[PDB]
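S.K.: Sending over a structure as structure tokens; questions will come in a sec.
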Amino acid sequence: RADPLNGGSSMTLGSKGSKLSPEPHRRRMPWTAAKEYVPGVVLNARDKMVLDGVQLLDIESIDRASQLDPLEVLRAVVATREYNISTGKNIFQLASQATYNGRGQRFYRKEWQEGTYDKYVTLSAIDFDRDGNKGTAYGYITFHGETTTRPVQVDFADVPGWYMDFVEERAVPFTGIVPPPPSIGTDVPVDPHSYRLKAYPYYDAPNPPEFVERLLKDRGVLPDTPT
Amino acid sequence: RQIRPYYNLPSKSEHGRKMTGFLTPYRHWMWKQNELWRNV
Amino acid sequence: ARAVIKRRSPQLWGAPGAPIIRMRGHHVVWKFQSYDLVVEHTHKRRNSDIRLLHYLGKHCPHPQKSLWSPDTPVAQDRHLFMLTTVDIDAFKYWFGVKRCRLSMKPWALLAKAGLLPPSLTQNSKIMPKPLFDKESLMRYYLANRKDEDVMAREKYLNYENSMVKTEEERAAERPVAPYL
Amino acid sequence: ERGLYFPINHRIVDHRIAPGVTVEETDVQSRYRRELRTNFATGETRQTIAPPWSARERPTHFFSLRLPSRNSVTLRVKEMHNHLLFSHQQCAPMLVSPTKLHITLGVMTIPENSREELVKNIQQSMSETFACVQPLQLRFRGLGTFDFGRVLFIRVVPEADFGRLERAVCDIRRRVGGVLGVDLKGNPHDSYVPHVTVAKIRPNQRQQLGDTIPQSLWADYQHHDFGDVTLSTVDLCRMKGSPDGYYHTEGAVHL
Amino acid sequence: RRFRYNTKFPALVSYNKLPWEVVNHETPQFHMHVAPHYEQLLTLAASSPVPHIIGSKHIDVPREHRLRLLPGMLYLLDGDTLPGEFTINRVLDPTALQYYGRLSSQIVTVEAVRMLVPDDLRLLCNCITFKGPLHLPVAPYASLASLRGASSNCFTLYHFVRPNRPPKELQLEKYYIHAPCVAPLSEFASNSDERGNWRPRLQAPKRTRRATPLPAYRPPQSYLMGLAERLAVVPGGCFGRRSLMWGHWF
Amino acid sequence: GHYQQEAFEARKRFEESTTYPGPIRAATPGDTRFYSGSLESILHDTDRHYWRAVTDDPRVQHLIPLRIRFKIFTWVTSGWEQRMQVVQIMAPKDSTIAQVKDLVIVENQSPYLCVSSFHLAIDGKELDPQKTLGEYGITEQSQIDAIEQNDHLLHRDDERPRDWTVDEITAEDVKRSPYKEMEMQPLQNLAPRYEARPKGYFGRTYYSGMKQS
Amino acid sequence: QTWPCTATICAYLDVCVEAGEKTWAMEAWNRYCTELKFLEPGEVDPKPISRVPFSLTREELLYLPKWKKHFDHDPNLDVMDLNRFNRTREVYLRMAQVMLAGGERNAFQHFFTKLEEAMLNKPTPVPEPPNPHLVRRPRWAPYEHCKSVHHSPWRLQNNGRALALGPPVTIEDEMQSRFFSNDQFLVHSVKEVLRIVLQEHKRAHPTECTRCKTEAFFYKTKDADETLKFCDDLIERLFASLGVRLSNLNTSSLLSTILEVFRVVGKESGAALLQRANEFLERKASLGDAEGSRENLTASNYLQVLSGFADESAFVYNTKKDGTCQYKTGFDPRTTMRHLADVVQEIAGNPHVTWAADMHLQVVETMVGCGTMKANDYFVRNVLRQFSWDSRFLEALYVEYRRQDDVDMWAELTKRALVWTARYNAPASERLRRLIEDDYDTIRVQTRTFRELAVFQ
Amino acid sequence: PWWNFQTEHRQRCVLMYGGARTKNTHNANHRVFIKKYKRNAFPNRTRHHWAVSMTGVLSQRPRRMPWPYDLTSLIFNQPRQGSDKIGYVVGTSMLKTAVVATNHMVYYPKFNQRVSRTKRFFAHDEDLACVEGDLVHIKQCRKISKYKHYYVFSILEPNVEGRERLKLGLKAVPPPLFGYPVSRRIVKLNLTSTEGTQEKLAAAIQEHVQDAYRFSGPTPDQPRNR
RNA sequence: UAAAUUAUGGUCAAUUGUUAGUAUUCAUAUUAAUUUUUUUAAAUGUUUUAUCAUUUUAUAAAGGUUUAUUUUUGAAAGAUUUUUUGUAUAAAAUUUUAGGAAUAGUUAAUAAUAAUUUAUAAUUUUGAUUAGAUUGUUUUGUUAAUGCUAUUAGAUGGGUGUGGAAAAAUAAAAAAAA
Ligand SMILES: [Mg+2]
Ligand SMILES: [Mg+2]
């Protein structure tokens, strides 16, 4: 196929890998193609008990008898806002709080900047539907200094795990068009002072001593006695 | 089968499975060491 | 790919595919037990004879004294014998040409016979599973590294044609003078 | 519900398309029966294939089996013409005159610059090859199409004297196109199929008479019996019938 | 793999055929489809001469031949002029104008984009005007060398395409010859007088110190989706090879 | 690519050759109708069901299988999807576009495809209905499509067929031509069974020739 | 006992040519090629099918025995119908080049003279139509559901609907050899025999023909003079045999081959190769009496001259004496770069020439050998994203990267090269990884995966 | 151990040395037939099942097996069993078909002799060449209709008499004067005049009602008295 | 219409019941099997995942068939990669009953026709069609032996038709992506 992990060796069932190829194994189903994913259940499992401090008024409940004190309504609004923010932040929540809908800004997830992984997206456009936490976003995905030539629709723009640092220089008004970032390899000449590579195609980070000690303790080669 | 550690991410969902498919970074690292022996 | 899966005996990637070498044997009294190395598909029906690519041979898991051999003073030669009958040509054809799979018990038997390296299942509890470090592996690689030309030649001999024709054979085979 | 769920006549698979594009990329939709209609049903008869160089220049002369005007085929085709004219009056220009019917055995193009020496050899070869064959009998029945329906002819089924006729025509082709160079439309080692042309669309008439003769005109007479005719003469003739009101006489052998 | 003829279902009924790709000019996916072809065409024009790409004036075609000759026609003009019998639509959609970002930045800043629709609604004229000289070098023999916009200053490009057609409708596939530029070679060429200025070196300088090592590696603290080799995803989920693992958390 | 040019050159030189008595009709056989396997498979005019190890003389093709691509809005359960249909006609070597249109409208054999007048076009360029395939240089590999009268505004929802999923179908609409064939009333036997695919079959986005993720 | 057809004889003679054994061709010619005859003007060129298909009559079906009635497809029956197009000129050419490879001048000259006389005084045989079995007849396919050219948002994908990434190798616009006319086939035969001379020289001296491997590559061989004189005599014989008919033909392949022999056998500078090509072009124009506009050189000739520039700019790298680079004696980077630049600007001004990865590789090799250190700029500007670049480009660029003043810039350029390899689907070559791991002691760049390192250890 | 006696069987788990391990299916079972119908009232109208009927396609006794050694296989080297068949065309009433009667062979080992069994086939032919009486050769091919999978390959013997009769306009073969019986009971020729038609009908209906009365059963010895 | 021999070759064919004037294989033996003396369950939680979903998991007994059951490489094995090459639904023969007669959405041609085309249609006494019986062409038992006498488990209509393939509604001696 396309990506025969460790060649075509079939010593075990797990030798072929969890998924055989990045392309879908069955021609019928395209969605089953291999793609990076984030935990949807955990990221959408917003804290429920945090809203139990103060009651929340329903939108369809507009009758005068069900109206509450304005102080209580403001408390409910604060509770709803913190309930939305508790699990995390999505680019649809950062865009309204950034100028020009945050166009031209650098968005990254927490796991995108930990370890040798280094990926971010330069925002190009955002479309908002009725809900302020929903819609779509397009931008340039940059991986280790290499960026996509054409804008692409971002994946998982709704899950609360995004982070962004606001800079005024990179903001792009609606009059202009967001420029794709230059490529560190081709567009801008390479310079270690400006940017230094964290992981190359044949690189793999050295084993940390804490993980090594934990693995040895698990395997029992290191002595261990209960307290 | 695929081993699921007890110290993994607990899916706070009652409408589905009680444990997620993610893993601790240590679990990912130790899995690579075990997978290295599979390749040998 | 079934509405109600046969939960007792499931498999992977459906049927029929991925021929696999197993050891079939009817569950009888242990003193009358003998298995049969055989290559079959991943999925088998009620009778094993439906999916039977080839038959490898019998195996008797009973250590027996060598009565056929004369009573010899050799200590190693007087140990118990575990006889196994296997096929080599069909096994090689299915392993290499058709790229079949093997189970742990046939793998261990073939490792004993010398056809295969020891299986992953059999391991010594005394020796733990080791770990690896990229820096030390690179240091060893720099310490000793084979030549690219010789490594290509040995890879060619191992994988592609190995029975080569030398200049002596070429001179013998070349046409004789009258038809030149 | 009337018959089989998938009729045998509809289990057609097309190999002219790419293998993997018919299942998913597209679905080809056409009536494949028309091109697989057999030559027997469609009236097509395989004529000798002419080489490209000989297919350009127009023919000059042709062998024919001269027949008296009284012969049975002449009045059979006369009655056929009467029926055709009664049914439809627009096929009269396509229909040929009853007096211009001959059984053609071969067509060739003799250049006019050097025709005089070639015709003598042709006629002497015909005489020397027909000095022994007795008069032939041929049973005519059936209809056929040549030049993609441009030429409509009466089929000549195999019968008595037909084997002698085909052997004689093979010998004629060997003695005419073989030893001396003359442009035969077919091959000297191939045998020309005898026929009598009942209808034909001229290239000048192709402008307003369509591109081919519709099959409904002769569908009822596709297998009609035109009977047995005896031929005892042969003539090498030229395409000139208007001036004398009859076949042009260039060479004749009283077989 | 797909190497089977359709015999399971009747040909009259398309039962599992893929939908035909259609591009609509009321949607930004039209700009998404067309913009990279535009930038490639501009690069080709600036590098090598291209026939029928330079336009002295708007082409005049009668109505009967309008749908026969205009579709597939793409060229450029020096002036900012628009053909008649076309209603004008301006790009006010940020998503629609986002796709021209690479063209504006890397190739040449775009001044405006307009979609022209005829009265019969059977055509689409995409006219895109770029203000300013080309950022990339322009060869003296190139098609753009005859354009006064390079070296008013703004120049426009016209493209005609039938509406509601597959993406193959525009004939931008032929404009893909990768003619290289001679920007570095012109410096050392005989016409330029920098040949004596340039100083080549054959031997690499001697190394006295090893390269600076990478900073201390900190293992990630967040949870991980699993190994990319097993999950068959590309290293960063964007590009690379599954077998060659790099750029992930470890 | 190479096959078409080499075949054309071979045919050209075969035509130019003048020393040829002609192929033997008896020696050159035709394709047979009877063979193994319970499928009637048609091949090219130069291919035979039997093994023919010799390369026969090239011939001028008198019957070109012109393939015209029509738009078709099949009804999937999720919604209306626009896909492609191919109509194949057997036209003579010098058939004018007028008779090509006659052949396509006589061999379309589909209720929806030939609903209104249409014009044949190639790579977006309309074809003049006065000249023949000789002027255009059309071969059997040429890709020809058709443009109807109302396919230039199909992006409008009014022109698009109205599905009952999002649009309301009236008592006057159920009596129309396509909506009578479709049945909004679920019968016990469900006589009009159509192709079904999930709304998430292609993911959050529709089918496209590029990547949007 | 399968009697080979003329095509099978041609294939076996090609095998004999590449093997260098002439005795096999001796046996083949004695066994089968004796009866082969050229096409006479009065003979029929496209011979018709002669073998009637197998059939059995009533008597031959009822009375004849089963073994006689049995019929399996026997190639000896249709060998005559497969020898129907009279392609004996190809067999004569292959036999002549076999004799040349075996070094028998008498027989080689006999075959060449007979072929030359036949091609000069015989009509051109008609080539057979393309074989339906050897090359599959293309089938109609609607290219409507194929992936777009920009399907991948990271690189320009090579669409199956039409080529878009640019050819990775130059191919001259020439048809199959069977379609050549008489004089054109004579020119092709001379080109082929010269190519066989090249192959024989390379086999005799493999070390002196490879690029930038040993010092022997930069020294003229002691047998090249005789081969060059033979080539000059052969081309002069060709020009004497063909007069007016030579002018109205195509000599792209012949020019490329003579350029290649004047490049590798007698190692000449790129300027010398260009001068030889110009002299050949002007002589070809002048021999024919007409307006005689000078024919522009093609992509093959430009590839040859750029390869000559690369060969003259080649250098031995990491010699056993620990020397970083060893160059040819009398090496002038200034003049080499000047000539390369003017050639490149000329071929860029010429619009009929299509660039390819081979000539881009030659240009990159020239620039990196001359040490101007603009080869990386040229590669990123014109070759990184335009063509399917192989790992040899990075192999050449690695020494340029090592030429950097600072090891940090060298290391980062190496990292970016590896990233390009991982991105644009151009895996790094074994020799490139060998160089990387050799310099790992000072660059600290890993070039092997964890899995393959562990398994190798 | 099949060759060992009953008392000699020490165990039954495996064959100790070698041979054939076969299941001892009990043939002596004493199967019983249970009569569930009256003697003259078996539900079937032609064949009556009054005892245990032997079941099998090839295992029945006496043994009957196909015989591939016949005239067709002696003449032809058939790629597949029964691919080619020689027979006489009998019946030409369906267009573009030709019904051929070809006889195969079945061998009885018990008697050590063979007999020929005739089978009819539908052979497809174009141009309508197969006339009644032709000795034709047919071969298997692709399925053409529901019951057409043979096609004629050569007409070994032309029916000159049939062709001449067709040319004269008469049928290729006169229809036979004896056919299948429509009913078991004899068919009596009706010759009654118009006046006697009703009387003959009355007699026939009386005979039919008497046959219906036969359903009642034997007439009692003592006439019914109340 | 001639003998044999450079001599056993080329590897085991062998039958056992004490009756009862005679005719005709018919009571009682031996082997094989059933039968008494109590031998002898078919297990309950399959698993992973991106979470109210998706991905992997395809022939057990039910329904009574004698002119009858026949098909894929699109998943998997499967490998630098792209790409490519091919198929296949059809047959032939063997087919039971003590007292034996009619059978039918029906044959062929045509076609992606015809509930309404055209035709002197098709099945069958060489045993049809319904009905009864029985899961079809490597299995046993008996004997010296052409015989006689046994054998098994599983393909029982469709109806949004998923899937490569319906075999898809409890039933393991199938380790199923560490
Ligand atoms: Mg009983
Ligand atoms: Mg029954």
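Numbering starts fresh at 1 for the residues of each chain in the structure tokens, the chains themselves are lettered A, B, ... in the order given, and ligands are numbered from 1 as they appear.
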Please, which residues of chain B lie no more than 9 Å from chain C when the count uses only C-alpha atoms, and can they be set out as a list in words?
M.R.: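 Close to chain C, chain B has residues 33, 34, 36, 37 and 38 of chain B.
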S.K.: What residues in chain G lie within 9 Å of chain B, counting only C-alpha atoms, written as an MDAnalysis selection string?
M.R.: chainID G and resid 450:452 454:456
S.K.: Could you please take those selected residues and save C-alpha atoms as an mmCIF file, in the first residue's frame?
M.R.:
```
data_model
loop_
_atom_site.group_PDB
_atom_site.id
_atom_site.type_symbol
_atom_site.label_atom_id
_atom_site.label_comp_id
_atom_site.auth_asym_id
_atom_site.auth_seq_id
_atom_site.Cartn_x
_atom_site.Cartn_y
_atom_site.Cartn_z
ATOM 1 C CA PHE G 450 15.766 4.102 16.000
ATOM 2 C CA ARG G 451 14.322 0.867 14.596
ATOM 3 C CA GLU G 452 16.948 0.366 11.902
ATOM 4 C CA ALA G 454 18.665 -1.202 16.830
ATOM 5 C CA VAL G 455 18.217 -3.958 14.258
ATOM 6 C CA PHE G 456 21.582 -3.192 12.644
#
```
S.K.: Provide the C1' of residue 103 (chain I) to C1' of residue 123 (chain I) distance in Å, to one decimal place.
M.R.: 6.7 Å
S.K.: Given a cut-off of 7 Å, what residues near ligand 1 show up using only C-alpha atoms (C1' of nucleotides) and all ligand atoms, put as a VMD selection string?
M.R.: chain H and resid 30 to 32
S.K.: As a quick test: using only C-alpha atoms (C1' of nucleotides) and all ligand atoms, which residues lie no more than 9 Å away from ligand 2? Give them as a PDB file with N, CA and C atoms (P, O5', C5', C4', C3', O3' and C1' of nucleotides), in the first residue's frame.
M.R.:
```pdb
ATOM      1  P     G I  64     -39.927 -29.155   5.246  1.00  0.00           P
ATOM      2  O5'   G I  64     -39.909 -29.246   3.657  1.00  0.00           O
ATOM      3  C5'   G I  64     -38.828 -28.704   2.904  1.00  0.00           C
ATOM      4  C4'   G I  64     -38.234 -29.723   1.962  1.00  0.00           C
ATOM      5  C3'   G I  64     -39.240 -30.639   1.267  1.00  0.00           C
ATOM      6  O3'   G I  64     -38.781 -30.940  -0.049  1.00  0.00           O
ATOM      7  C1'   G I  64     -37.716 -31.944   2.513  1.00  0.00           C
ATOM      8  P     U I  65     -39.704 -30.610  -1.321  1.00  0.00           P
ATOM      9  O5'   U I  65     -38.662 -30.262  -2.473  1.00  0.00           O
ATOM     10  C5'   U I  65     -37.857 -31.274  -3.058  1.00  0.00           C
ATOM     11  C4'   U I  65     -36.498 -30.745  -3.440  1.00  0.00           C
ATOM     12  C3'   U I  65     -35.588 -31.720  -4.169  1.00  0.00           C
ATOM     13  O3'   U I  65     -35.867 -31.798  -5.555  1.00  0.00           O
ATOM     14  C1'   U I  65     -34.384 -30.663  -2.431  1.00  0.00           C
ATOM     15  P     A I 131     -45.688 -31.446  -4.226  1.00  0.00           P
ATOM     16  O5'   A I 131     -46.168 -32.911  -3.832  1.00  0.00           O
ATOM     17  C5'   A I 131     -47.519 -33.164  -3.479  1.00  0.00           C
ATOM     18  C4'   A I 131     -47.747 -34.624  -3.186  1.00  0.00           C
ATOM     19  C3'   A I 131     -46.704 -35.292  -2.308  1.00  0.00           C
ATOM     20  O3'   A I 131     -46.887 -35.022  -0.932  1.00  0.00           O
ATOM     21  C1'   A I 131     -47.153 -36.666  -4.170  1.00  0.00           C
ATOM     22  P     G I 132     -45.611 -34.867   0.028  1.00  0.00           P
ATOM     23  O5'   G I 132     -45.141 -36.365   0.278  1.00  0.00           O
ATOM     24  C5'   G I 132     -46.037 -37.321   0.824  1.00  0.00           C
ATOM     25  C4'   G I 132     -45.463 -38.713   0.773  1.00  0.00           C
ATOM     26  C3'   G I 132     -44.050 -38.869   1.308  1.00  0.00           C
ATOM     27  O3'   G I 132     -43.989 -38.925   2.722  1.00  0.00           O
ATOM     28  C1'   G I 132     -44.218 -39.974  -0.761  1.00  0.00           C
ATOM     29  P     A I 133     -42.785 -38.201   3.498  1.00  0.00           P
ATOM     30  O5'   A I 133     -41.518 -39.100   3.155  1.00  0.00           O
ATOM     31  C5'   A I 133     -41.507 -40.482   3.477  1.00  0.00           C
ATOM     32  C4'   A I 133     -40.287 -41.170   2.923  1.00  0.00           C
ATOM     33  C3'   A I 133     -38.961 -40.486   3.195  1.00  0.00           C
ATOM     34  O3'   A I 133     -38.477 -40.724   4.504  1.00  0.00           O
ATOM     35  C1'   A I 133     -39.059 -41.123   0.930  1.00  0.00           C
TER      36        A I 133
END
```
S.K.: Work out how far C1' of residue 78 (chain I) is from CA of residue 3 (chain A), in Å to one decimal.
M.R.: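 So the two atoms, CA of residue 3 (chain A) and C1' of residue 78 (chain I), lie 12.0 Å apart.
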S.K.: Distance limit 12 Å, atoms considered: only C-alpha atoms. Which chain C residues sit that close to chain A? Return them as a ChimeraX atom specification.
M.R.: /C:11-13,18-20,42,95-96,98-104,107,116-117,119-121,125-138
S.K.: Output the selection as an mmCIF file, in the first residue's frame - N, CA and C atoms for each residue.
M.R.:
```cif
data_model
loop_
_atom_site.group_PDB
_atom_site.id
_atom_site.type_symbol
_atom_site.label_atom_id
_atom_site.label_comp_id
_atom_site.auth_asym_id
_atom_site.auth_seq_id
_atom_site.Cartn_x
_atom_site.Cartn_y
_atom_site.Cartn_z
ATOM 1 N N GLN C 11 -12.116 -13.243 14.954
ATOM 2 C CA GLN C 11 -10.869 -13.148 14.206
ATOM 3 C C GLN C 11 -10.710 -11.706 13.735
ATOM 4 N N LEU C 12 -9.782 -11.483 12.805
ATOM 5 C CA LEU C 12 -9.483 -10.147 12.312
ATOM 6 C C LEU C 12 -9.513 -10.124 10.790
ATOM 7 N N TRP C 13 -10.042 -9.030 10.238
ATOM 8 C CA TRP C 13 -10.075 -8.739 8.806
ATOM 9 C C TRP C 13 -10.949 -9.701 8.010
ATOM 10 N N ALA C 18 -5.448 -14.361 4.642
ATOM 11 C CA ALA C 18 -4.253 -14.484 5.468
ATOM 12 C C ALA C 18 -4.026 -15.921 5.921
ATOM 13 N N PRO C 19 -3.597 -16.817 5.031
ATOM 14 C CA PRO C 19 -3.326 -18.196 5.452
ATOM 15 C C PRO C 19 -2.327 -18.234 6.599
ATOM 16 N N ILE C 20 -2.625 -19.068 7.592
ATOM 17 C CA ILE C 20 -1.872 -19.105 8.838
ATOM 18 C C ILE C 20 -1.597 -20.556 9.203
ATOM 19 N N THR C 42 -7.411 -17.953 8.027
ATOM 20 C CA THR C 42 -7.667 -17.402 9.353
ATOM 21 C C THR C 42 -8.967 -17.943 9.936
ATOM 22 N N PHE C 95 5.632 -19.829 3.272
ATOM 23 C CA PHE C 95 6.220 -18.763 4.070
ATOM 24 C C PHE C 95 6.734 -17.633 3.189
ATOM 25 N N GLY C 96 7.478 -17.968 2.138
ATOM 26 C CA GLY C 96 8.095 -16.947 1.318
ATOM 27 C C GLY C 96 7.241 -16.451 0.171
ATOM 28 N N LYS C 98 3.971 -17.060 -0.716
ATOM 29 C CA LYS C 98 2.628 -16.615 -0.375
ATOM 30 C C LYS C 98 2.577 -15.754 0.880
ATOM 31 N N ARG C 99 3.681 -15.643 1.613
ATOM 32 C CA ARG C 99 3.769 -14.818 2.816
ATOM 33 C C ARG C 99 2.649 -15.153 3.801
ATOM 34 N N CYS C 100 2.665 -16.395 4.275
ATOM 35 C CA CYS C 100 1.693 -16.831 5.262
ATOM 36 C C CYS C 100 2.114 -16.361 6.653
ATOM 37 N N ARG C 101 1.307 -16.704 7.651
ATOM 38 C CA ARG C 101 1.584 -16.364 9.036
ATOM 39 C C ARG C 101 1.722 -17.636 9.861
ATOM 40 N N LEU C 102 2.304 -17.491 11.048
ATOM 41 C CA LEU C 102 2.542 -18.620 11.934
ATOM 42 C C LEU C 102 2.076 -18.288 13.342
ATOM 43 N N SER C 103 1.619 -19.315 14.048
ATOM 44 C CA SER C 103 1.248 -19.187 15.446
ATOM 45 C C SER C 103 2.432 -19.546 16.342
ATOM 46 N N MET C 104 2.267 -19.281 17.640
ATOM 47 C CA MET C 104 3.387 -19.395 18.568
ATOM 48 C C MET C 104 3.864 -20.835 18.715
ATOM 49 N N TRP C 107 5.714 -21.874 15.629
ATOM 50 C CA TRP C 107 6.956 -21.112 15.608
ATOM 51 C C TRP C 107 7.984 -21.718 16.553
ATOM 52 N N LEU C 116 13.387 -21.664 11.928
ATOM 53 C CA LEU C 116 13.057 -20.299 12.306
ATOM 54 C C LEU C 116 13.813 -19.906 13.562
ATOM 55 N N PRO C 117 14.008 -18.610 13.789
ATOM 56 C CA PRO C 117 14.561 -18.155 15.065
ATOM 57 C C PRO C 117 13.551 -18.344 16.180
ATOM 58 N N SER C 119 10.730 -17.957 18.870
ATOM 59 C CA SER C 119 9.551 -17.110 18.823
ATOM 60 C C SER C 119 9.595 -16.061 19.929
ATOM 61 N N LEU C 120 8.790 -15.015 19.749
ATOM 62 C CA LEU C 120 8.728 -13.947 20.738
ATOM 63 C C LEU C 120 8.116 -14.426 22.047
ATOM 64 N N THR C 121 7.263 -15.450 21.993
ATOM 65 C CA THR C 121 6.585 -15.923 23.195
ATOM 66 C C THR C 121 7.570 -16.513 24.195
ATOM 67 N N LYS C 125 12.671 -15.621 32.056
ATOM 68 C CA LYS C 125 12.331 -14.662 33.099
ATOM 69 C C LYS C 125 13.569 -14.091 33.775
ATOM 70 N N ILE C 126 14.690 -14.814 33.733
ATOM 71 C CA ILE C 126 15.925 -14.326 34.343
ATOM 72 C C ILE C 126 16.390 -13.048 33.656
ATOM 73 N N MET C 127 16.370 -13.034 32.325
ATOM 74 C CA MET C 127 16.837 -11.877 31.574
ATOM 75 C C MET C 127 15.670 -10.943 31.287
ATOM 76 N N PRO C 128 15.700 -9.706 31.767
ATOM 77 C CA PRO C 128 14.610 -8.772 31.482
ATOM 78 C C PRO C 128 14.706 -8.219 30.069
ATOM 79 N N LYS C 129 13.596 -7.655 29.617
ATOM 80 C CA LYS C 129 13.575 -6.998 28.317
ATOM 81 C C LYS C 129 14.400 -5.721 28.382
ATOM 82 N N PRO C 130 15.420 -5.567 27.549
ATOM 83 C CA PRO C 130 16.276 -4.381 27.619
ATOM 84 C C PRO C 130 15.629 -3.163 26.971
ATOM 85 N N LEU C 131 16.314 -2.032 27.113
ATOM 86 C CA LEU C 131 15.910 -0.763 26.529
ATOM 87 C C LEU C 131 17.015 -0.250 25.615
ATOM 88 N N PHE C 132 16.725 0.842 24.912
ATOM 89 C CA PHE C 132 17.597 1.339 23.858
ATOM 90 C C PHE C 132 17.813 2.837 24.010
ATOM 91 N N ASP C 133 18.959 3.308 23.517
ATOM 92 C CA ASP C 133 19.280 4.729 23.519
ATOM 93 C C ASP C 133 19.901 5.120 22.186
ATOM 94 N N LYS C 134 19.385 6.209 21.611
ATOM 95 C CA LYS C 134 19.789 6.623 20.271
ATOM 96 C C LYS C 134 21.267 6.986 20.217
ATOM 97 N N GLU C 135 21.769 7.686 21.238
ATOM 98 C CA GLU C 135 23.169 8.098 21.220
ATOM 99 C C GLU C 135 24.103 6.894 21.229
ATOM 100 N N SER C 136 23.819 5.898 22.072
ATOM 101 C CA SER C 136 24.675 4.717 22.121
ATOM 102 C C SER C 136 24.563 3.898 20.841
ATOM 103 N N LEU C 137 23.358 3.810 20.269
ATOM 104 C CA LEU C 137 23.220 3.098 19.002
ATOM 105 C C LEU C 137 24.017 3.783 17.896
ATOM 106 N N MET C 138 23.977 5.117 17.847
ATOM 107 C CA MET C 138 24.778 5.846 16.866
ATOM 108 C C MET C 138 26.268 5.651 17.114
#
```
S.K.: Counting only C-alpha atoms, which residues in chain B sit no more than 7 Å from chain A? For each one, give the nearest pair of atoms and the distance in Å, sorted by chain then residue number, as CSV.
M.R.:
```
residue,atom,partner,partner_atom,distance
B:11,CA,A:42,CA,6.0
B:12,CA,A:45,CA,6.6
B:26,CA,A:211,CA,6.2
B:30,CA,A:215,CA,6.8
```
S.K.: I need the residues from that last selection saved to file as an mmCIF file, in the first residue's frame (with C-alpha atoms), if you can.
M.R.:
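This went into out.cif:
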```
data_model
loop_
_atom_site.group_PDB
_atom_site.id
_atom_site.type_symbol
_atom_site.label_atom_id
_atom_site.label_comp_id
_atom_site.auth_asym_id
_atom_site.auth_seq_id
_atom_site.Cartn_x
_atom_site.Cartn_y
_atom_site.Cartn_z
ATOM 1 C CA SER B 11 -13.799 9.387 29.955
ATOM 2 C CA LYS B 12 -16.294 11.362 32.056
ATOM 3 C CA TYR B 26 5.466 7.746 29.948
ATOM 4 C CA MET B 30 7.582 2.729 27.306
#
```
S.K.: Sorted by chain and rising residue number, list the residues of chain I at most 12 Å from chain G (counting only C-alpha atoms (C1' of nucleotides)), each with its closest atom pair and distance in Å to one decimal, as JSON lines.
M.R.:
```
{"residue": "I:80", "atom": "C1'", "partner": "G:427", "partner_atom": "CA", "distance": 9.3}
{"residue": "I:81", "atom": "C1'", "partner": "G:425", "partner_atom": "CA", "distance": 9.5}
{"residue": "I:82", "atom": "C1'", "partner": "G:158", "partner_atom": "CA", "distance": 9.4}
{"residue": "I:83", "atom": "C1'", "partner": "G:160", "partner_atom": "CA", "distance": 9.8}
{"residue": "I:84", "atom": "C1'", "partner": "G:136", "partner_atom": "CA", "distance": 10.4}
{"residue": "I:85", "atom": "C1'", "partner": "G:136", "partner_atom": "CA", "distance": 10.0}
```
